[PDB]
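Analysis of the macromolecular model
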There are 2 protein chains.
Amino acid sequence: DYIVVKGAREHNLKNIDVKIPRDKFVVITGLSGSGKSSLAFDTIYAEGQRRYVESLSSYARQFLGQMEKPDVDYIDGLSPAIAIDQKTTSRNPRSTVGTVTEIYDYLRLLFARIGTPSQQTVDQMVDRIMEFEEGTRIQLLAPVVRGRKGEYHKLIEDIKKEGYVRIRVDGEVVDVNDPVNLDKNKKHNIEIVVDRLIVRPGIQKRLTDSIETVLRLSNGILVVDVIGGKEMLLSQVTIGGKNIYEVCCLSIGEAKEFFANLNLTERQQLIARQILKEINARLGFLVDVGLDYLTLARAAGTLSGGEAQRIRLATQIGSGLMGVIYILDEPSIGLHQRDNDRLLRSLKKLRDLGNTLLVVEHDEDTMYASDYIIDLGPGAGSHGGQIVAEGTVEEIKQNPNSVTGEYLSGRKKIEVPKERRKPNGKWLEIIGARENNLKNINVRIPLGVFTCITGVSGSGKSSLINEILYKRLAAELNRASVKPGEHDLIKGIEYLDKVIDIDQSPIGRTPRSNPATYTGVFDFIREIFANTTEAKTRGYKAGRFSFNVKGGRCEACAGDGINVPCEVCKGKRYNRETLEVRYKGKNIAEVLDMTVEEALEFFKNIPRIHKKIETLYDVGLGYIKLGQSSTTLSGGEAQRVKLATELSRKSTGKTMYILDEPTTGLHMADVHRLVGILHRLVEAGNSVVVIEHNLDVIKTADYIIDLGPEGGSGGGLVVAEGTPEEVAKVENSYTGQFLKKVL
Amino acid sequence: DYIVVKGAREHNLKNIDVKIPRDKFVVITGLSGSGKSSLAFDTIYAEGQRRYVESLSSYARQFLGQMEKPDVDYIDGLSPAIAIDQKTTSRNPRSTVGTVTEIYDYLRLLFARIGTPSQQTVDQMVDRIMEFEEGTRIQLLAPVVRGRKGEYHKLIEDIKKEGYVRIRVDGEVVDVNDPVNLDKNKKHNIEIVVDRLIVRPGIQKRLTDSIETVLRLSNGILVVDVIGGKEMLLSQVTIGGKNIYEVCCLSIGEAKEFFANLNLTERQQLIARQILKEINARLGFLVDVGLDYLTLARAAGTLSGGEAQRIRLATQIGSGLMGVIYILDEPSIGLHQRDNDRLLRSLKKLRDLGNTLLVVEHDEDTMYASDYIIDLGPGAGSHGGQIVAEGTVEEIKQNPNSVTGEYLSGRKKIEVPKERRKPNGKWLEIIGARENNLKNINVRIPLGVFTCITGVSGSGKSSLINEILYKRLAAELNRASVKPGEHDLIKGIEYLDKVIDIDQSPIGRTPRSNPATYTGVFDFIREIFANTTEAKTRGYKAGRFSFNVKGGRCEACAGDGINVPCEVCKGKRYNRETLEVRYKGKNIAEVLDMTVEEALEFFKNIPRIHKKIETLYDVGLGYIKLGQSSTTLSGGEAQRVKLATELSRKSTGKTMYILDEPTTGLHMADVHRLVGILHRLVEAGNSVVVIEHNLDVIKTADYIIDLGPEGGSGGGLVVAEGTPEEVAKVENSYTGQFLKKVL
DNA sequence: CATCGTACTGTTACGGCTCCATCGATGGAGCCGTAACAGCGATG
DNA sequence: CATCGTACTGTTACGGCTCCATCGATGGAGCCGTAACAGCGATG
Ligand SMILES: Nc1ncnc2c1ncn2[C@@H]1O[C@H](COP(=O)(O)OP(=O)(O)NP(=O)(O)O)[C@@H](O)[C@H]1O
Ligand SMILES: Nc1ncnc2c1ncn2[C@@H]1O[C@H](COP(=O)(O)OP(=O)(O)NP(=O)(O)O)[C@@H](O)[C@H]1O
Ligand SMILES: Nc1ncnc2c1ncn2[C@@H]1O[C@H](COP(=O)(O)OP(=O)(O)NP(=O)(O)O)[C@@H](O)[C@H]1O
Ligand SMILES: Nc1ncnc2c1ncn2[C@@H]1O[C@H](COP(=O)(O)OP(=O)(O)NP(=O)(O)O)[C@@H](O)[C@H]1O
Ligand SMILES: [Mg+2]
Ligand SMILES: [Mg+2]
Ligand SMILES: [Zn+2]
Ligand SMILES: [Zn+2]
């Protein structure tokens, strides 16, 4: 009935007790960094997996592996759990859609089980001959030589001595006793005539005996000579007329149609019902989410973000179970509203089978389509990790201590601008863009305003922007050695002086990385430290103060601090001599131990450091430490670190900003902060282009370039273009339909 | 609170609903073949394992594997389950006790984690030098050449050009500027003097700088020359003074003592607490059950039945968990009463940790030491598979519908004989028996009476009987080519004419085996069928009617009948022509489809077949089919088939019967049947020797030869010898102590 | 001590069948640190 | 058209570190089927 958790203390959680209803659609909600992932994935799934694994052999435990033991007193009401991680995976080039979805294994099993390559037994042969009409004259032959050249005299003598008298050679029956002649260089088909029977009921015994002796003499080969009829031969991989490659070269929808109407007998059904059911469920889920155009032979590395996310989901939740907790960590990454609604319908269908759904989400549609909501807060980092509200959507909305309820209820909102900026005659015209699935379209992107590129997941917006416009602009301005996509020409590059791009790619997590190193400010800090008088006296350089460089780092901990915390250097990753150069009475370890807000006051005089620290504060990461390990960063925190890294660069007043879905893992407040930053950048005279699926960002855009009307080969055309109201007035545009209810 | 099972239909179960209390000692009870194993192992454990496995990846599912899906409507209250199978396992010769118990892996991890092979950092070297007293004169050296021969002129010139002036050669300090001479064929130790410091507080910076430059110049080698003191060298697997082989060559008790008082610092404890805890738990369980004499390097194939069973238990239940169902299928195989009591104490300790115990048992001590009892019956095979009684021990005893309650309450019992047979001057004297752990004892075994060999598990009774007496008797009488054990001589063999032995070994389960083939009566049946007139007319032989021979078996099913049941031959494993030779109007398939009681009436005229069928009926297997697959036979049924096979042989009135614990897997009624058969054999003038642990069998024996007083190196001596009352009068004999409460 | 009588029982080798125990590495991608390269004004 | 000014910013190649995806076989033992081998009586 309930999953009772008491005394949860993982990461930033503070002894929180929660009762999660079972067999319900439960949504975990909070600010970015509050501890939803630590509450669900790091506690509930971790404990369930640990309990299941601990009852296994040492070989199995080593092969599978278990996560770290959570700091929870006791958790009850558990069951088998299937979890989808928040982090996106990068796949090998050899990987395939069918291999990732695991339909290839089921296809291989089906082909090895029921794939038809004639193997007949004695009884089957007897029945086959019995199928003939009564009165037909037949002869049973035992071919000893089939396609060979030789004198064949000893063999004939042995056959005659065995007892057989009738032998047919070259299709003519001759007596073995009478001498015969045959060319040694000419192929001959020597066959022994065993019996000359008649077809009538009641000769089963004699026919079976003759077939048995023929099979014994000819080693499993029987030839039935039908007098006046066509001769037949009896001896001891495609399904439905399609090979494995042929069935793997079809679309998902066509494969589902083929597997839905294939003709199978009772034996084949009883043999492969389970495999057919698994394949049907997987293909049905793939068609339901919207991936009915991809072929099963497509490489998984070439898929877009939304398609990759949907295939990752289909790998785990493709075939539903019963009595299993499903933990999904933001399954709506890079998905349009339509795709999110289809996923929600699939999730409700999965829950209706008798499953518990524990979905961590930042979306509002999931919030409105949820039975129960658990709110965490009231802040992020050390200021969160405790439940601030609980109940249904309405109770959360009426709750004054929940920020997400405040944003849902309209108390806090992102204002829709009263007046939108208009283009001033400067445009970027892309002519003949035919990259990937684009259909030779001409797109004009206004300069100096806020532009949003909208469209369904897979419609061709990343390929239009990142693969063509950004690459051409980089080659023109930054002199990068990258080749752009397929296009005729781009006009209007002379109006720009720089390009800054944030891509839609995973962020690498390493123990050698932290916000300071990622943003590039640690280099300035190290140079400042190495420029002091003490470092000059001791002959130190910038690499001495790096914990990844074996010049001043502690060798006991190998620069990591933990081997169990280190004791010689106290886990600070620096030896005692390095931790003596002090800038403003503070060494490098305490500088790394500062928060962003503290570093704002400490480094308020150095402009290069101050700009980056101010950007990190602006994206809302003021609570984070400058030296926190990147492996211990959340998805939203890592995304915001990347955003600050790219947005803390110099602006000349004519630069172009390109962002590829920068909202991933961001709560509605972080979206507000990002929107404010972007609009300030635009007001400074720059131009910002955002490939976005969020309606809160979209409704504040001055220009919108919709793409579609579908994904894959069904997309690649501009379906709407103009201000958000004009796009909303378009009937056939999905983004306009969803904007009509927002504006 | 409860594990609710509804609609269980696995094997012979008939829609039984059971509520098993949780966190209790629950014992499953019934006749042999009633369906206890199918109820527990084939339903509850199977469903739990299937549910846990289905939530895993395809790779993991293939690597681990899952059992067949049970025919159960729904089962609730499940949790992770650890199960010990009833079947005994045969291990490879290379296997070891430590490897089987899985202590070897933990030992390897401990040695790889904390095993000490001097790796020092700069700070550690500085601290070590600072440990010296104040005022001491030291010199830092960088040895560039250590044990080499050469002219060494370019190296000296390079060192001088670098800046260093002081170089010590052959232990004498010389100036690099002044010319020096050295033999090219003589080894020289060239060392560069870097600094000549003093020991006082406040020289940490200079000392660290000198150590760093010395380490850089000499590539991680530092030599500290203490003036007036012993020189020391600083540079950049045994635990507790014992190697891995040394710690693996100790006894289990000594290893536990060593691991209980080993000296470890805080770092080592924080590193390997989990490994130490696992090793301590495993060794504590091994000592508790009674295996405190085996060394961890002993081969597992040389262990006795009880030791092997205890080690198999310790593999799974050695380290306890919490909230886990433990399913044990007869864990008291080949164990004395004392060992069974120790195992019961361990099981109660395991249950007190918060675990559910589901123990299938035939013993009475387990019944009396159980919180809840579930009784199945009222018979075996198709006559059982339904719950006939339920409740505590007293309720079961008062229940009139439970046979086990009847035997517990004394309503049904095995009578103790009023008068015991006395030896008639014929004895079998074994002189100088020193096989295995025997201590050169002389044992006299009376002839013509019922003799029982008793003793603790491991005391040396199987080695005394099977390895010496049976092998010598076989070599003397049956002319077998087997070498006996270590003994001087055996007297009295001239009083015997034959020997029949039932060994304590596993029974192989193959699809090609059934009771008819195992007992050897199928050969007679096949000969009878091949001797008919129809088979003579069709030229058939005895191998034609064998389903394992490719002469008359169906090739579609390959003689197995199932490929999904076969359709051409209807799964009968014979082709249509073979199923036409009828003996008394019945072919081979219906003969194989007979029960033992049916075959008693059908074959009542053929004496050779009738004797074997009558023996199979006598051991109580009248409900079984003559052709039931051996893979679908229970442990008790297989044991009884083996017993009937060996006891259905000719008796000359002077044969010797040797049985090595024939009670394994037998309920108290099957024991009564076996005791009656054995006593009839003895009354026919034969002699029976039984190595038994069952008190019901023991109390009916005319003579008893106790062995002990312990197992392993602590046993091998006769502690009692005489009638059961005389043995009961012995104070130091465990068997006498347990018999005192029975007689 | 020789002769006769309507195809005899029990126990072992040997080949074929089947079940069960026992046992990380390589390439790809992202990131950090370091080296390398390009890019107002006044007077005679 | 030449001259002067108290160690300058931003973006790319390249090597080293680290995380993550992806992928049955062999010997031993037991059993079955087949071939192989050993083992009263009366008369002259
Ligand atoms: N291993 C760790 N040790 C200590 N703190 C951690 C660790 N991992 C994460 N944190 C911090 O704990 C807080 C909560 O992290 P997490 O539970 O991942 O957040 P989240 O709610 O899933 N946020 P997001 O996914 O961005 O919406 C953040 O401040 C993290 O930086
Ligand atoms: N390298 C490639 N080769 C072939 N087809 C590709 C390749 N990359 C992408 N595609 C396809 O091109 C179409 C558009 O993908 P893309 O333009 O990258 O995505 P998008 O429209 O931005 N969608 P998303 O990022 O998920 O919201 C999809 O059908 C992709 O599968
Ligand atoms: N796979 C099977 N299919 C059909 N019947 C089976 C199968 N396995 C076992 N049986 C029969 O089902 C009955 C119960 O078997 P099982 O559940 O193993 O008994 P059990 O109570 O554990 N007996 P035992 O272990 O000897 O004390 C017996 O008559 C078996 O012969
Ligand atoms: N091949 C062997 N080499 C060395 N020791 C052995 C061997 N076989 C058995 N032992 C040991 O000899 C002792 C007696 O074993 P054994 O006589 O076979 O058992 P048992 O007394 O009949 N006990 P059990 O059958 O379990 O009730 C035990 O300590 C065994 O570990
Ligand atoms: Mg998260
Ligand atoms: Mg059983
Ligand atoms: Zn250290
Ligand atoms: Zn068949």
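Sequence order sets the numbers: each chain starts from 1, possibly unlike the entry numbering, and residues with no coordinates are not included. Whichever chain is written first becomes A and whichever ligand is written first becomes 1, with later ones labelled in order. A larger assembly contains the chains shown, yet all values here describe just the shown part. Side-chain measures here rest on the full set of heavy atoms in the structure, leaving out hydrogens and waters. Residues with missing side-chain atoms are left out of burial classes, side-chain pairs and their counts.

In terms of determination method and resolution, the entry is listed under cryo-EM at 3.18 Å.

Taking the PDB entry as the reference, chain A is identified by name as UvrABC system protein A belonging to Acetivibrio thermocellus. For this structure, the PDB header gives the title as "C. thermocellum UvrA-UvrB in complex with DNA with a fluorescein modification and AMPPNP". In its Subunit (unreviewed entry) section, the UniProt record describing chain A reads: "Forms a heterotetramer with UvrB during the search for lesions." UniProt positions are given in the numbering used here, feature names are shortened, and annotations may be inferred rather than shown by experiment.

**Some details on the relation of the copies chain A and chain B**
The fitting set for superposing the copies is their C-alpha atoms, and the method is least squares. Least-squares fitting of chain A to chain B yields an RMSD of 0.0 Å, with the superposition described by an axial translation of 0.0 Å and a rotation of 180°. Interpreted geometrically, this transformation is the action of a two-fold axis. Both copies share a contact surface, since 100% of the interface residues of chain A are interface residues in chain B too. Contact between two residues is taken to exist if any of their heavy atoms lie within 4.5 Å; hydrogens are not considered.

**So, the site of ligand 2**
All names here are of chain A. Note on terminology: near, applied to a residue and a molecule or strand, indicates that one of the residue's heavy atoms is within 4 Å of it. Ligand 2 sits among 20 residues. The nearest are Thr302, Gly306, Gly458, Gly460 and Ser462. Here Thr302 contributes a backbone N or O atom positioned 2.9 Å from a nitrogen atom of ligand 2. Values of accessible area rely on a 1.4 Å probe in the Shrake-Rupley scheme; residue burial ignores everything except the protein chains shown. Notes on ligand 2: free accessible area 650 Å², of which the protein chains cover 81%. What counts as a helix is a DSSP run of H or I of at least four residues, what counts as a strand is a run of E of at least two, and both are numbered from the N terminus. For the shell around ligand 2, the secondary-structure elements that each account for two or more residues are α11 (305-317) and α16 (462-477). Top element by residues in the shell around ligand 2 is α11. It accounts for 3 residues. Residue classes in the shell around ligand 2 are distributed as no nonpolar, 16 polar and 4 charged. Counted as a polar contact is a pair of N or O atoms within 3.5 Å, where, for protein atoms, one must be capable of donating a hydrogen and the other of accepting one, and residues adjacent in sequence contribute only when both atoms are in side chains. Residue polarity is assigned by list, with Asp, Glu, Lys and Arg as charged and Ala, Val, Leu, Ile, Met, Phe, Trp, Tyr, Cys and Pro as nonpolar; anything else, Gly included, falls into the polar class.

**Points about the coordination of the magnesium ion (ligand 6)**
Residues and elements named next belong to chain B. Coordination of the magnesium ion (ligand 6) by the protein comes from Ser37 (OG) and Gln86 (OE1), over a distance range of 2.0 to 2.1 Å. Of this pair, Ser37 sits in helix α1 (residues 36-54) while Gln86 sits in the loop between β5 (81-84) and α3 (97-101), and the two are 49 residues apart along the sequence. Partly exposed describes any residue whose relative accessible area lies between the buried limit of under 20% and the exposed limit of over 50%, with all areas from a 1.4 Å probe on protein chains only and scaled to the type maximum. Here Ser37 falls in the partly exposed class, since its relative accessible area comes to 24%. On the accessibility criterion, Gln86 (18% relative accessible area) is buried. Each metal site is built from N, O and S donor atoms within 2.8 Å (3.2 Å for Na, K and Ca), and since water is not included, such sites may look incomplete.

**Description of the site of ligand 4**
All names here are of chain B. Taken together, 20 residues sit near ligand 4, with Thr302, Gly306, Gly458, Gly460 and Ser462 positioned nearest. Taking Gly458, its main chain carries an N or O atom lying 2.9 Å from a nitrogen atom of ligand 4. In isolation ligand 4 offers 650 Å² of accessible surface; the protein chains occlude 81% of this area. Breaking the shell around ligand 4 down by element, the ones donating at least two residues are α11 (305-317) and α16 (462-477). Of the residues in the shell around ligand 4, the class split is no nonpolar, 16 polar and 4 charged.

**Examining the protein's contact with DNA strand D**
Near DNA strand D, the surroundings consist of 26 residues, among which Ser95 and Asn478 of chain A together with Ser513, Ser546 and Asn548 of chain B are the closest. Sugar plus phosphate, as a fraction of atoms of DNA strand D within 4 Å of the protein: 90%. Here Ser546 of chain B contributes a side-chain N or O atom positioned 3.0 Å from a phosphate oxygen of DNA strand D. Broken down by secondary-structure element, the contributors of at least two residues to the surface near DNA strand D are α17 (515-519) and α18 (521-530) of chain B. Each residue belonging to the surface near DNA strand D can be placed in one class, and the counts come to 5 nonpolar, 12 polar and 9 charged.

**A word on the interface of chain A and chain B**
Contact residues are listed per partner, giving 38 residues for chain A and 38 residues for chain B. Among the elements of the structure, α1 (36-54), α2 (58-64), β5 (81-84), α4 (103-114), α5 (122-130), α7 (204-218), α10 (266-289) and α19 (533-538) of chain A are those that each provide at least two residues to the side of chain A that touches chain B. For the side of chain A that touches chain B, the element with the most residues is α2 of chain A, which contributes 6 residues.

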